[PDB]
Amino acid sequence: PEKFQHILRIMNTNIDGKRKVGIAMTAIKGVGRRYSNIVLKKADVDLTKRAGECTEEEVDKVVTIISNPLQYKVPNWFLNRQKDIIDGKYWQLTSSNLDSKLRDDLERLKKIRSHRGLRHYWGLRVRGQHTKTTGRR
Amino acid sequence: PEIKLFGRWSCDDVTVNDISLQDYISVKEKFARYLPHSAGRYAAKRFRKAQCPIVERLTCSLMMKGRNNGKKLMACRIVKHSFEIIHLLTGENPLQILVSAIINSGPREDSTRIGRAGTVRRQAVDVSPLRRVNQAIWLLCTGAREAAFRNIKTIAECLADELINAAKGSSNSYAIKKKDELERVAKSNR
Amino acid sequence: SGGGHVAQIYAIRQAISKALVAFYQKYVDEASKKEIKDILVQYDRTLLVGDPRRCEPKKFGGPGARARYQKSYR
Amino acid sequence: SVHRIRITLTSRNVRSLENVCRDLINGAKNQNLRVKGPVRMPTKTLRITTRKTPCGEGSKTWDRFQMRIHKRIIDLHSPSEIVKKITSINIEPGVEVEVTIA
Amino acid sequence: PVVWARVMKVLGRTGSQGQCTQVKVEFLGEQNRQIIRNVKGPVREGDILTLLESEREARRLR
Amino acid sequence: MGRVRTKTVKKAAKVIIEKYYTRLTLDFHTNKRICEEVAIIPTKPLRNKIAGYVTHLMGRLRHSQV
Amino acid sequence: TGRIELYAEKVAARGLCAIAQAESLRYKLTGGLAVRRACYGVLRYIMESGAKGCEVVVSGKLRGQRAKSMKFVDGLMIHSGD
Amino acid sequence: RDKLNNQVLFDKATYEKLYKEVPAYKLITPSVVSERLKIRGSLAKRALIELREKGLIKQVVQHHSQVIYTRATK
Amino acid sequence: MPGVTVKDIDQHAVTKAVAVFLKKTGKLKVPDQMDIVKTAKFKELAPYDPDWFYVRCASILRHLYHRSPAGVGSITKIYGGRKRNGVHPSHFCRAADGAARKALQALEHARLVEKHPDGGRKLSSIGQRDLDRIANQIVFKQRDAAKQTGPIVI
RNA sequence: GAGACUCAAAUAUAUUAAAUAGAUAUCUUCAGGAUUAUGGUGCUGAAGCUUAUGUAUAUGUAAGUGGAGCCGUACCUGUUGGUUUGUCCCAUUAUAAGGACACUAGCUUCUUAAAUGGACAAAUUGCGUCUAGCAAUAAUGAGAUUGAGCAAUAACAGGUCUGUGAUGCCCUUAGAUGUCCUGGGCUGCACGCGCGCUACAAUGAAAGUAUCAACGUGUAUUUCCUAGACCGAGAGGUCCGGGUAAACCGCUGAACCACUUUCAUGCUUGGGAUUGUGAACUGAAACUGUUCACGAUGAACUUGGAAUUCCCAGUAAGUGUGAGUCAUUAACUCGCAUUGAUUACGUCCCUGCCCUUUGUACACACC
């Protein structure tokens, strides 16, 4: 029943509310498709529904499971980062923090003059996948 | 005790309302199958496709474009549902309406690219009737494709829209437009 | 036992239709046989006929039995 | 003493196998051991697939290799002499003979 | 006014691509006259052919 | 569909007809059984073919001298 | 020891073998060996042994740089079929 | 690029509108109900289940991928 | 006619109805995550129709008895086709081993199955008893709907 | 040479057997249902449910709750064991066996392979020199039956010295170009190509659920296929059992597919690139990467120009599987089943090639 909310903002990302909840969340860096099976269902959201539907209350509940997943029965193995290295906390990285730590992990290896490092630096592919035919555009 | 019905549909009183198209539109003049599914060895002889019910032809022909290929079990339910929609839009027997839909679309002439020594002019050639029924069935299926593809609209709905649009020839239909162009080229060439 | 969803189930239709005719050989009559045979052969769907059409052997230079790969150019 | 004995025979060539089995069954049946005779087992088609080319380079012709091994079982119920005679003759061309106590 | 015509004889194949079949039709409405039109695909004896244009007869370029 | 039967089939068929004509009928099944008895044809598909080409030759012989 | 024993046996009517005749050609050849004596000679010998056909192929450069082939056939030789 | 990303949620003004609109739509089906803007594929399927409650819809067809009903006939 | 559901094995009316009866008696023990569980390496996403555990445990129940012992390695092969191995290839890859399996453990605690010699599971004490009992009641339910249909005509 | 031939794919168990696969009938066993019929307890209180306790969640007992069914059998449907001349009384540890009975209380329609018979374009009729043949029809499992294998004379400076310890000559050979040990390349990317794989959707994807296989293959001086039990989302970890295999994994009950939902054409829930991450596995050792899941990041692609490959029936196309290579490594390759077309049943037009006809001063032959 009813209308509204279309274009809802969760941590520093614009979310098109016109897409069914899980699928909408893919505009959030960190919150693609497959955790809406974790997050919404354990947050007790009615799952046949829109992201443009459902109370701010449910939005807050969803945010807490995302950032604190271990405490809601979410296995360690279902978290983006097991065993970080640094602080070695089981963490699901959200939003812009994903981007920042992505840079930080490149930078660890760039400093040292690592293989991984230097293939980030010049770019190309740090997973050594064949650029004989492909890597281009 | 013998005889009777397609899916629940009366085979009897289904008139092919066009001589020449009688018998190459092989409805079920004795052939009361029940299902549009058949083991269907129609390919060995040239004239053995003349035998196979037009409903069965429609099922065979729906499932082309490679992902979709050879799912005859997909095909038969869609033609059965297209029947049922056809019965609701115009009212009567949906077998009669399929037969009428194939009739309207059937192409008068055509052109072949005879080599003519620098500037290749075409020579115009009349159509054989063992291509009229098949090409009708095929372009009703292409019209059903095109409308249903990016549309919300179900294949069964777009088949039934295409078929009824053909049956009382509102023209409109993709089938008629493409064919009429081939005929116009045939009218010129001579 | 065997083959597939349509293949098996198609084969049951043959099995029953053929079977009934046999009962009439030994016990009832050809009267019952012939009337049945006429009905079966006429509308057909190979009900009395053991289908020969079986999987042609796949051919060297093809993943498919006549269907070759490649691009010889010309 | 009756000892129940099962002889298994494995070997390749069609016609030779038939004649070895035939003699053993007939001699057994003649001297009424009453047998339960020739268990004709499915022939195992052993398939190797290779390119006709040593050194790959010509328009992909494949030569593939098949071998058929034919297995056949005969059951005898007898002791001392009859067991050892009937096993040791029919022997000579390409037959592997296995005798099992039961 | 479409007049229908019945395949009397299948005469031959004409074409550089050999698609076309030549066919004699004696017309169903008033028999006694026989016209050759060339038919596109495959024809067999007493197939029926729809004459859009009752007469005008093509023939053959070898 | 295609084909006329090769020289080994046809030659065999001409030679048997000359000698055996009396005892060769328009009927195939008897022509099959005469051929194995009178002639050592090693294999059954070849025997049937020879005997069968005799059946064909006999059919035309009846329809005014061949 | 004594779990395997080898026994010598004659090859049936010697001349037919092809392998016996092939060995004969190598010993003749290394002794030297004129050709029409040899090729037609082996061909003649096995045909004499009542063999239906025979083909001897020499593919080889005899004294002149380039490899030459000749097939010497007297026979009904199938080559083909089962 | 013809956008058209319509409206999820019953929107009770449209739900009333839907009821009145449905006859002469003799093709009346979750896609036609969509076509007349306020596209729901599958909550229009529930809108049909709601019509099936008695009044309007003559269900000849109940099918996955083709869900065909009717106006309440002449 | 008397009875006839099938006897061991699914089919379509039976599986949904047996599943529903399992929902009613609620003692199944749904391994905490299963909202999250793709069921699969082969299947992109987790149950859009969230209630898959109940229908799965019904599916395996009826499956098991006909085979005699149909445990864990077997159940992955039948159930759950067809894997998008990312960019390459389109394939058949075995289902999530534990996802099907834990429902078998669930049914053992639900006591709808007894331990077999030479078998993990032969249901022929109480597992079969409940299954074919609800199965016959399901045909009677279909019959009851037909008995109701009789008067209407519409 | 082609062919004929042989093999495989099609038909009779009529003929030979059978640890499989099975008609189905008997005996035996377990389960449910009342549709129908009958008997047994029951408003004098039945089934069911709950709690406590004792004993090993189950059972018994006590109490409460409950309010008309509950149980057995014939019958029907399903399960299990023996039942391919069986069973019993006797033998043997268990068959045959001996005597009795069913005197057939399981045969082979169906697997597999031994052997036969089955197609000859048979019958007829159009067509044709009324020839060889062709076309059509009916009968048939198949209408010259469908597909391979096999292959000549003669030709090529085709490819291969990196299969070969077959091989000429030369080189190399105490500083190896042999070989081994350690480490790296083959796996590097402005860029041209070729095979593919995967897509662009909605005849669909997402998600439940219906569920049907085959060809091959598997541990002997070994560490293979692994059923079944537990933990794990998954990879895997962990203990047992079967199988050197008509026996067991395995009817490889595989995928596409069936059915019902969710979604609505929006680079979208299509698509799955890249990415930092990420638990193990194989190995002595895993960094332009050995491989792999989950968790994540979430690209082009919105049907591809000139060109060009392949294809006429279980063929095409979709779709999976098994085998090989192999410690690890499949988008490969070879077979196999499955779902199963649209369309020619024409012709030499394009292309390629042979054959006649011609010219030739060519003949180590138009490189």
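Below 8 Å between Cα atoms, with a sequence gap of 6+, how large is the relative contact order for chain D in percent?
Numbers: 165 pairs, mean separation 49.8, N = 102.
Contact order relative to length: 49 percent.
Near A:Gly17, the amide H atoms lying under 5 Å from its own belong to A:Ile7, A:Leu8; only residues 5 or more places off or on other chains count, and H is placed 1.01 Å from N.
With contacts taken as Cα pairs under 8 Å at a separation of at least 6 residues, region G:12-69 carries a relative contact order of 28 percent. The angle between the Cα long axis of helix A:97-112 and the longest principal axis of the Cα atoms of chain A comes to about 10 degrees, rounded to the nearest 10. Measuring from centroid to centroid over Cα atoms, what is the spacing of region I:109-139 and region B:109-168 in Å? So the separation of the two Cα centres works out to 58 Å.
The peptide list E:49-58, A:36-45, put in order of mean Cβ contacts within 10 Å with the highest first, becomes A:36-45, E:49-58.
Please state the relative contact order of region I:1-139 as a whole percent: Cα pairs under 8 Å, 6+ residues apart? 30 percent. The distance from the alpha carbon centre of region A:30-69 to that of region C:55-73 is 52 Å, rounded to a whole number. Taking label points 7 Å from Cα along the Cα-to-Cβ direction, A:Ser67 and A:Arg108 give a separation of 2.3 nm.
Assuming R0 = 45 Å, what is the FRET efficiency of H:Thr14 and B:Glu183, from their Cβ-Cβ distance, to the nearest 0.05?
Details: r = 46 Å, r/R0 = 1.03.
After rounding, the FRET efficiency stands at 0.45.
Filter A:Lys41/A:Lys101; B:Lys4/B:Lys30; B:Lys49/E:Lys24; H:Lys58/I:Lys16 down to the pairs with a C-alpha to C-alpha distance above 18 Å, please. Working shown, then result.
Details: A:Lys41/A:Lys101 28 Å; B:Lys4/B:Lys30 9 Å; B:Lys49/E:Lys24 24 Å; H:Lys58/I:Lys16 26 Å.
Those over the limit are A:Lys41/A:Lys101; B:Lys49/E:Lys24; H:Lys58/I:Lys16.
Across B:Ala160, B:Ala175, B:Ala43, mean-square fluctuation computed from a Gaussian network of chain B (C-alpha pairs under 10 Å connected) peaks at B:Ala43. Once both axes come from the Cα atoms, what is the angle between helix D:14-30 and the longest principal axis of chain D, in degrees from 0 to 90, rounded to 10? Once rounded, one gets 10 degrees.
Determine the shielding of peptide B:141-154 by partner chains: average, over its residues, the number of Cβ atoms on other chains within 10 angstrom of each Cβ. Don't skip to the end; give the middle numbers.
On the way: counts 0, 0, 0, 0, 0, 0, 0, 1, 0, 1, 3, 12, 8, 12.
Mean inter-chain Cβ contacts per residue within 10 Å come to 3.
Within 10 Å of the Cβ of each residue in E:47-55, the mean number of Cβ atoms contributed by other protein chains is 5.
Computed from the Cβ-Cβ distance with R0 of 25 Å, the FRET efficiency linking H:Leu37 to B:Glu92 stands at 0.15. Among D:48-56, I:108-116, the peptide with the highest mean count of other Cβ atoms within 10 Å heads the list, and the full ranking is I:108-116, D:48-56.
Rounding to the nearest 10 and keeping the result within 0 to 90°, find how far the Cα-based axis of helix G:35-48 lies from the longest principal axis of chain G. Tilt relative to chain G: about 50 degrees. Note on D:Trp62 and I:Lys24: with the Förster distance fixed at 56 Å, the Cβ-Cβ geometry gives a FRET efficiency of about 0.40.
Peptide H:60-71 is shielded by partner chain Cβ atoms: per residue, an average of 6 of them sit within 10 Å of its Cβ.
Which entries in B:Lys80/B:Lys168; H:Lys26/I:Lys24; A:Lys18/I:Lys23; A:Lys49/A:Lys73; A:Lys42/B:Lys72 show an alpha-carbon gap greater than 31 Å? All intermediate terms of the calculation are to be shown ahead of the outcome.
Numbers: B:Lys80/B:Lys168 20 Å; H:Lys26/I:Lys24 41 Å; A:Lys18/I:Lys23 33 Å; A:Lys49/A:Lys73 24 Å; A:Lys42/B:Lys72 42 Å.
As for pairs spanning more than 31 Å Cα to Cα, those are H:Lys26/I:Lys24; A:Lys18/I:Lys23; A:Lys42/B:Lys72.
With a simple spin-label model that places each label point 7 Å from the Cα along the Cα-to-Cβ direction, the separation between I:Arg67 and C:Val6 comes to 2.8 nm. Site pair G:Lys52 and G:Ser80 shows an inter-label distance of 1.5 nm when each label is modelled 7 Å from Cα along Cα→Cβ. Under 5 Å from the amide H of G:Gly53 lie the amide H atoms of G:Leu76, each residue being 5 or more positions distant or on a separate chain, with H modelled from the backbone and absent for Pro and chain starts.
Note that each Cβ is placed from the backbone with ideal geometry, even for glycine, and that neighbours are counted across all protein chains shown. No value in this document is a laboratory result; all are computed from the given coordinates.
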